[PDB]
Amino acid sequence: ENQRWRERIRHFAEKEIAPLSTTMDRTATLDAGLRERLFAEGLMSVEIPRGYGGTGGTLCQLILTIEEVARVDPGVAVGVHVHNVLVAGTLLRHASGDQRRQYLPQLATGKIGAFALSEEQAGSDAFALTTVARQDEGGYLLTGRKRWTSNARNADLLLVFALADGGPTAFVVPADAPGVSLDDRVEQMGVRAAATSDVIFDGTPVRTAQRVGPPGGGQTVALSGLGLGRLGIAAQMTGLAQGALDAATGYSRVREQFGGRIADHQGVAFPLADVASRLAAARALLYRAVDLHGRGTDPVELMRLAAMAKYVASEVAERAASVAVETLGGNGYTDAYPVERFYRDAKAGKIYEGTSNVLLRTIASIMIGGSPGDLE
Amino acid sequence: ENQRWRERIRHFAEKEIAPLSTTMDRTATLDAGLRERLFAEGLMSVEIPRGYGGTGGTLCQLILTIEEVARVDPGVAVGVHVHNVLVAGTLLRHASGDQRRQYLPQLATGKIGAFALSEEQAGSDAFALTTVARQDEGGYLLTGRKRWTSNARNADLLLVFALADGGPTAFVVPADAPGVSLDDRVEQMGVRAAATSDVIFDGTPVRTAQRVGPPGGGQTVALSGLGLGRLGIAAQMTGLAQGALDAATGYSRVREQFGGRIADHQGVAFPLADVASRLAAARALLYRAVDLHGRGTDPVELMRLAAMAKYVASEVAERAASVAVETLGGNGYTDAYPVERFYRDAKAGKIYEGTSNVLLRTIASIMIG
Ligand SMILES: Cc1cc2nc3c(=O)[nH]c(=O)nc-3n(C[C@H](O)[C@H](O)[C@H](O)COP(=O)(O)OP(=O)(O)OC[C@H]3O[C@@H](n4cnc5c(N)ncnc54)[C@H](O)[C@@H]3O)c2cc1C
Ligand SMILES: Cc1cc2nc3c(=O)[nH]c(=O)nc-3n(C[C@H](O)[C@H](O)[C@H](O)COP(=O)(O)OP(=O)(O)OC[C@H]3O[C@@H](n4cnc5c(N)ncnc54)[C@H](O)[C@@H]3O)c2cc1C
């Protein structure tokens with residue numbers, strides 16, 4: 001069943017995504033035809049139940065979706081990850097019956113979800129927010145600025161975190177609500193198909209019915225998806241590494257210098273074998289961490305395994321992309337091949353859903369006792 | 001004196017290059033104003049003797065010039081390296097007196113030199129050329145296609161290698177000669193201020209006096225500049241690494257999260273100190289290799305030292321840029337800071353002037369026999 005699912009996403013990514021990747025990366029756009037296909041074929045609703053217009057599939061199927069998309073286009077995979085894992089997944093866990101019936105069919109059919117937590121001064125210290133939802137009759141008036149919102153220029157629904165007068169609180173806010181605007185602000189090095197924007201709120205009206213969970217319950221809402229967010233990026237990094245390794249292996253069989261294929265030199269072959277070995281271990285850890293979901297496994301152990309999976313997969317993605325650029329020589333430094341894009345894309349995996357240091361802080365803290373804040 | 005030279009290039013790079021780097025990288029252009037300043041301030045003639053209109057400086061000063069330019073813009077540094085080291089430097093050391101007297105003043109004053117050796121099927125196997133110089137009355141007709149020519153869209157003079165009906169042979173060819181055209185062909189990841197093109201020759205006429213050395217002398221002309229080429233790129237990598245470390249150290253002191261500067265954490269400070277240590281060793285090896293030039297040193301020992309300096313410096317540049325991107329977090333992934341450009345630029349250093357595997361093969365061959 002999961003072999004058939006893998007093959008279906010692989011075929012989709014190779015036929016529908018690959019021919020558009022170079023242009024989506026240069027222009028930082030999501031192709032309109034591809035967007036219609038992502039929704040139609042179920043890549044935007046993998047775990048959303050059938051009763052809300054979703055695929056009704058498993059965490060395993062969602063992880064395989066992100067992996068096989070990422071194998072061809074890590075940038076498209078960011079949008080798929082944010083939408084399914086962070087936005088639809090948060091509503092499946094925390095939204096009321098009414099909120100699920102209102103938003104899940106939209107996310108399953110045609111409305112893209114983006115996740116707006118970070119700010120200029122709230123990065124690793126993610127809840128040092130200055131965006132405020134001020135009380136009003138019937139709900140709130142939202143004012144502030146979010147930074148690094150992936151897929152913002154393509155999004156219809158924002159899951160936004162703001163101080164309720166009261167502590168961090170989660171809201172669902174339409175991207176076209178009064179007082180909402182975007183500032184693309186900067187060029188980013190990779191995952192450009194889902195490039196970030198700043199999101200600006202200028203007294204945007206939000207009804208009480210848009211609040212997800214209680215006032216000051218924003219950190220609990222975010223924390224429930226932390227582990228799953230890290231597995232989704234571990235899957236994106238595993239797929240990226242596979243795509244890099246597939247390009248380098250195939251090239252090494254056909255490029256000839258000095259009268260024979262470059263694969264016949266141990267200086268070319270050995271780095272590929274080393275990457276392949278590390279990638280088999282990264283994938284085994286990812287699928288182990290996924291398998292231990294829905295088993296009543298200790299939550300701390302799940303947090304540990306998700307942080308370790310993302311840390312290891314990120315490392316292997318960097319190594320794979322690096323080795324792949326070098327295996328291809330000058331061609332590997334160009335857009336004629338995908339490996340320079342994979343190299344630019346891989347670096348985003350060390351920054352979002354927990355920087356390397358934030359992951360190691362968490363992991364060490366579980367192993368030696370104390371909290372992450374005790375480690376200097 | 002070298003301390004004064006270093007500060008003069010540093011000041012130049014921070015004032016005249018830094019404000020243009022972002023634009024030059026996105027558009028893959030050399031700014032016209034900057035181009036005039038490179039010639040006027042002597043960066044395009046560092047070791048060309050004053051008798052040709054040059055600066056009259058030393059190899060040590062040329063190496064420092066490449067390093068300080070690369071600390072701000074590794075892409076502009078490619079163009080400076082290829083012009084001074086591979087084109088003007090090769091003519092100074094191998095061309096006839098008439099060729100030196102004709103071409104060095106033009107390279108000193110306004111004509112950019114580029115170096116056209118590589119082809120689609122001639123990469124690491126650099127001499128498996130298919131471009132041909134066919135004999136004709138009073139010279140040759142060149143036909144073929146070169147690949148990976150840095151700075152080609154800005155160049156006025158090309159040092160071109162071709163099979164003379166004799167083996168590989170070197171020619172000086174004007175970029176506007178009959179039958180010469182460029183094909184940019186692809187988008188490259190970095191060093192984009194000096195982005196490559198293909199150079200196409202369609203029966204380009206060359207006179208005998210444009211040939212540098214004898215027919216079949218092209219390897220000798222190319223290999224003779226391989227050592228100095230590797231030192232130039234070692235300087236480019238060392239400079240890139242410094243620029244990355246400068247941005248990361250400066251940022252670590254001003255970015256606060258969790259109520260203090262990120263430099264107060266060992267997970268941020270240690271990687272910067274590790275990079276700083278490895279860069280101090282890469283720079284010491286570079287300046288050792290440079291110091292042993294112009295002294296009658298065993299040529300094999302100079303080739304070993306140049307290969308090792310480039311290999312080590314390349315590796316430090318990769319670690320420095322990688323650490324700098326992650327030190328800056330999201331900001332490091334964006335063009336608001338120079339470190340993502342450094343990260344894209346650094347990877348070029350592992351490919352040109354000898355790939356990592358070609359350097360290790362050369363070093364092992366010397367050490368093992
Ligand atoms: C391409 C991209 C996509 C993104 N997508 C989204 C998204 O869609 N929505 C969203 O809300 N956010 C998103 N983010 C933001 C992302 O979560 C943050 O960039 C990340 O949390 C790091 O914060 P920062 O950039 O402010 O870096 P900082 O927190 O400033 O970190 C800078 C450096 O200091 C280190 N550091 C910080 N504190 C410590 C410590 N205590 N000990 C050790 N080292 C420390 C970090 O590890 C890093 O090396 C995205 C970011 C990028 C680059
Ligand atoms: C940005 C850029 C600028 C350049 N500038 C110039 C320039 O201005 N002028 C110019 O003439 N050239 C230039 N080059 C060309 C450059 O010199 C070549 O790209 C380089 O020589 C490698 O050749 P290739 O790209 O054909 O790779 P290949 O030679 O195909 O190598 C592919 C891979 O195989 C490995 N390999 C090959 N043979 C062996 C072996 N025997 N043992 C072990 N491993 C092996 C290589 O190390 C590499 O990892 C430039 C290249 C780039 C990317």
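Computation of the quantities below employed the complete heavy-atom set of this structure, encompassing side-chain atoms and omitting hydrogens, waters and symmetry-equivalent molecules. In listed order, ligands and their atoms are each counted from 1. Each chain gets a letter, A, B and so on, in the order the sequences are listed, and its residues count up from 1.
Regarding atom 11 (O) of ligand 1, its nearest protein heavy-atom neighbour is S118(A) N, 2.8 Å. Here the protein heavy atom with the shortest distance to atom 34 (O) of ligand 2 is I262(A) CD1, 3.5 Å. Among all protein heavy atoms, the one lying closest to atom 27 (O) of ligand 1 is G329(B) CA, 3.9 Å. The nearest heavy-atom contact from the protein to atom 23 (O) of ligand 2 is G123(B) CA, 3.1 Å. Atom 35 (C) of ligand 1 has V268(B) CG2, 3.8 Å as its closest protein atom, hydrogens excluded (heavy atom only). Among all non-hydrogen protein atoms, the one lying nearest atom 2 (C) of ligand 1 is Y352(A) CD2, 3.7 Å. Protein heavy atom in closest approach to atom 33 (C) of ligand 1: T327(B) O, 3.2 Å. With respect to atom 28 (P) of ligand 1, the closest heavy atom belonging to the protein is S124(A) OG, 3.8 Å. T355(A) OG1, 2.8 Å is the protein heavy atom nearest to atom 47 (O) of ligand 1.
Heavy-atom proximity to atom 53 (C) of ligand 1, evaluated over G190(A), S252(B), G330(B), is greatest for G330(B). Of the listed residues (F161(A), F258(B), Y333(B)), the one carrying the non-hydrogen atom nearest atom 38 (N) of ligand 1 is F258(B). Scanning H265(B), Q257(B), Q266(B) for the heavy atom closest to atom 42 (N) of ligand 1 points to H265(B).
Every N/O-N/O distance between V191(B) and ligand 2 stays at or above 3.5 Å. The N/O atoms of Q188(B), backbone and side chain alike, include none that comes under 3.5 Å of an N/O atom in ligand 2. Annotation: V358(A) places no N or O atom under 3.5 Å from an N or O atom of ligand 1; distance criterion only. Close N/O approach between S150(B) and ligand 2 is found [any backbone or side-chain N/O within under 3.5 Å]. Between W148(B) and ligand 2, a contact under 3.5 Å exists for at least one N or O pair. In terms of polar-atom proximity, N357(B) is counted as a contact of ligand 2, with an N or O under 3.5 Å from an N or O of the ligand. Annotation: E326(B) places an N or O atom under 3.5 Å from an N or O atom of ligand 1; distance criterion only. Note: no N/O pair closer than 3.5 Å links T196(A) and ligand 1 by distance alone. When only interatomic distances are considered, the shortest N/O to N/O separation between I351(A) and ligand 1 does not fall below 3.5 Å. Distances between N or O atoms of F115(B) and those of ligand 2 include at least one value under 3.5 Å. Among the atoms of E120(A), none of the N or O lies under 3.5 angstrom from an N or O of ligand 1. In terms of polar-atom proximity, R255(B) is counted as a contact of ligand 1, with an N or O under 3.5 Å from an N or O of the ligand.
Residues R253(B) and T249(B) are not in side-chain contact: their nearest non-hydrogen atoms beyond the backbone lie 4.5 Å or more apart. Between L117(A) and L129(A) the shortest side-chain heavy-atom distance falls below 4.5 Å. Here the side chains of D335(A) and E340(A) are in contact, with some heavy-atom distance below 4.5 Å. Counting heavy atoms from C-beta outward, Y311(B) and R230(B) have side chains that stay 4.5 Å or more apart.
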Report the C-alpha distance between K350(B) and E318(B) in whole Å, list the side-chain angles of each, state the deciding distance to 0.1 Å, and finish with yes or no for salt bridge (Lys or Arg N to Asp or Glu O under 4.0 Å). CA-CA 9 Å; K350(B) 304 286 198 85; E318(B) 184 169 289; 3.4 Å; yes

Please assess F161(B) against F171(B) for the test ring-ring contact (aromatic ring centres under 6.0 Å, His included), listing each intermediate value before the final yes or no. CA-CA 6 Å; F161(B) 296 79; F171(B) 299 94; 9.0 Å; no

Would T131(B) and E119(B) count as a side chain to side chain donor-acceptor pair (under 3.5 Å) if you check the C-alpha gap in whole Å, the side-chain angles of each, and the deciding distance to 0.1 Å? CA-CA 8 Å; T131(B) 297; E119(B) 304 184 353; 2.7 Å; yes

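Heavy atoms from both the backbone and the side chain of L117(B) come within less than 4.0 Å of ligand 2. Only side-chain heavy atoms of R361(A) come within less than 4.0 Å of ligand 1; its backbone N, CA, C and O stay farther off.
Geometrically, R147(B) does not engage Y333(A) in a cation-pi contact defined by less than 6.0 Å to the ring centre and at most 45° from the axis.
A pairwise comparison of heavy atoms in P168(A) and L163(A) identifies N-CD2, 3.9 Å as the closest pair.
Ring geometry for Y343(B) versus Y343(A): interplanar angle under 30°, hence parallel rather than tilted (30 to 60°).
Side-chain atoms of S365(A) come within 3.5 Å of backbone N or O of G370(A) as a donor-acceptor pair. In this structure a side-chain-to-backbone donor-acceptor pair under 3.5 Å is present from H83(A) to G113(A). Under the 3.5 Å distance criterion, the side-chain polar atoms of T334(B) are matched with a main-chain donor or acceptor of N331(B).
When the salt bridge (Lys or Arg N to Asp or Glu O under 4.0 Å) test is applied to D125(A), no partner is found at least two apart in sequence or on another chain.
Applying the side chain to side chain donor-acceptor pair (under 3.5 Å) test to residues at least two apart or on different chains, the pairs with a partner in residues 189-201 of chain A are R145(A)-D198(A), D184(A)-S197(A), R185(A)-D198(A), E187(A)-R192(A), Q188(A)-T196(A).
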